[PDB]
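Shown next, in structure tokens, is the structure this report addresses.
No value in this document is a laboratory result; all are computed from the given coordinates. Positions of Cβ are backbone-derived with ideal geometry, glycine not excepted, and every protein chain shown enters the neighbour counts.
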Amino acid sequence: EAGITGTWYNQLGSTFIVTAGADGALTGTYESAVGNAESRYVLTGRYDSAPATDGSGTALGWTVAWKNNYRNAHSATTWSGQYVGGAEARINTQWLXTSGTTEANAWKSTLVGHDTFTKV
Amino acid sequence: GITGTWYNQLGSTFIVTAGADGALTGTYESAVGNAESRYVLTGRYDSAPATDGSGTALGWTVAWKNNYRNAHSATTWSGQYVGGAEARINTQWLXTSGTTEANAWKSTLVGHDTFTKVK
Amino acid sequence: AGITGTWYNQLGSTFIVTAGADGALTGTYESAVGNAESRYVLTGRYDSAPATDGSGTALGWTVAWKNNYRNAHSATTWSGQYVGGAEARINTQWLXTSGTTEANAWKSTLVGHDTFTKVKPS
Amino acid sequence: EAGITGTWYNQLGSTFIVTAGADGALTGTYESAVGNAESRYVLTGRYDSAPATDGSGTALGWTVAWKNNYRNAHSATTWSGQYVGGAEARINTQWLXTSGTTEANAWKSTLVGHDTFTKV
Ligand SMILES: O=C(O)CCCC[C@@H]1SC[C@@H]2NC(=O)N[C@@H]21
Ligand SMILES: O=C(O)CCCC[C@@H]1SC[C@@H]2NC(=O)N[C@@H]21
Ligand SMILES: O=C(O)CCCC[C@@H]1SC[C@@H]2NC(=O)N[C@@H]21
Ligand SMILES: O=C(O)CCCC[C@@H]1SC[C@@H]2NC(=O)N[C@@H]21
């Protein structure tokens, strides 16, 4: 997809390099400006390869597990959201970060936030 | 010990392979909502989890489009796998529907699914 | 019957609530976990005229995690529904926000789900 | 503390009128510019009345049940957040809306988002 494929950046300065395949796949890398993270991490996702043409955005999602060759955070984040094309295009997301925990700590495994991505 | 067939409390069926270098790939069949048959899923998991008996962090996405139906929709599950005795994948989820900018504020459902090895 | 009661969640926390007749929820919350001890004030609101087709009764409430013993600089809100019947239940999802710097604001917020029954644990 | 009490507005045009009591109570009204809402609704909540002084925000939250004299949506929204001071005062929140549903529809009961409130 000739909208989503690209390098994006969020309000935190993280970098989201992604390819939208014509089968609906998202593949690429993510580098977080914050948290227990360094360099690039593999990502994978899906998006709607045949969106409605009524002004609606294009639904998508992706996952990072925060292990690469330099560092393991024992944690993973999913972003669920939509691509808004056109003028200044955006990916608006909400995200769930889950840490590996004990059964006793499982109640505090999950952070929630919103990230917004632009090409600038 | 993730690879296999898992079921959530709604009767949905999550068929998944955990590749050696952290990939999750497979299919999801939802028992509810605007869905029929299988959907592709991909995701990631921590292939080197802490061995202090913490669960294994993971997540996956399904875009709700296959050859039968397109809900203009995508869900991510974020969670952890706990093995052993009565093994479980405990998740929370975010479904975003495609909406106009005017209805963006209501784009997103939230919930929780517990997946288990027994139906 | 109803919401007014002493409720307990899967964690063993204790939710003592009164449902006032024009929508108010008042009571105390004691958490078994986290940076907290003893009871905390809560307030909240509920649908005082639910549907009558089986639909649950929508509600929510807030606890700010400051009492006389401790201050966590935190607040949780539970959003959910009361289901009546065989064993009354309050299913919830909750959002805990800590006071953070502007720089740490991205990580201010935990999310979970708490299910409450009237059954005491031991 | 001082700064919460007042009239606030979020990015959707909604109006949040709130009084912070010195004991940690929040009371007031909430007019939503969207959804199945009309006119004012009662809110209550709580805030950390003795917040840290390292410019950290003040934790807070409130509830609105969407029933007033005009209308009943069979639903309730909680906002959880923090107040942040200075020349650009704001209340940054994430919110959960729960609709009353049948037991079969429990899984789809809850909507999530984020509101940013600004001091006029
Ligand atoms: O610290 C960890 O557990 C791993 C790094 C997490 C960074 C988070 S994920 C959501 C948010 N968006 C970002 O780009 N960074 C943070
Ligand atoms: O209706 C749609 O938009 C597509 C199907 C959504 C079904 C939801 S996603 C979360 C939840 N868990 C399931 O197993 N199914 C539902
Ligand atoms: O640690 C804090 O900041 C205050 C205590 C938080 C306890 C959380 S709120 C959600 C979950 N459910 C409970 O009953 N307790 C924990
Ligand atoms: O439609 C309903 O069920 C009642 C109105 C809900 C309004 C929502 S709640 C969060 C969001 N922020 C607002 O100010 N309004 C919407």
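Tabulated values for the structure
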quantity	calculated
Gaussian network model of chain D, Cα within-10 Å springs - most flexible of D:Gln82, D:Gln11, D:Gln94	D:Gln11
Average beta carbon contacts from partner chains per residue of A:81-89, 10 Å cutoff	3
Positive-end residue, the protein assembly as shown charge dipole about Cα centroid, Cβ charges, pick of A:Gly6, A:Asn36, B:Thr100	A:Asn36
Rh (Kirkwood; distinct C-alpha pairs) - segment C:1-60, Å	12.5 Å
Value of relative contact order over segment D:6-118, rounded to a whole percent, pairs C-alpha under 8 Å and six or more apart	18 percent
Zero-based 10 Å bins, Cα pair distances in segment B:66-119, whole percents	21, 35, 29, 12, 2
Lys, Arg +1 and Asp, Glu -1 on Cβ, resulting dipole of segment D:6-118 about Cα centre, debye, nearest 20	300 debye
More than 36 angstrom apart: percent of Cα pairs within the protein assembly as shown	26 percent
Label point distance in nm, D:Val34-A:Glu31, each placed 7 Å from Cα along Cα→Cβ	3.5 nm
Within chain C, percent of DSSP bridges classed antiparallel, to nearest 5	100 percent
Centre separation in Å (Cα based) which lies between segment A:42-120 and segment D:49-109	23 Å
Inter-label distance, nm, simple model (7 Å from Cα along the C-beta direction), D:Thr53/A:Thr53	6.3 nm
Violating pairs (Cα-Cα greater than 28 angstrom) within the set C:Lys120/D:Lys67; A:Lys67/A:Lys119; B:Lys65/C:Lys107; B:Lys117/C:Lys118	C:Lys120/D:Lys67; B:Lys65/C:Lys107; B:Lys117/C:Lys118
Where Rh is the Kirkwood radius over Cα pairs, Rg/Rh for chain A	0.99
Two-site label geometry, B:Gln9 and C:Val119: point separation in nm, points 7 Å out along Cα→Cβ	1.4 nm
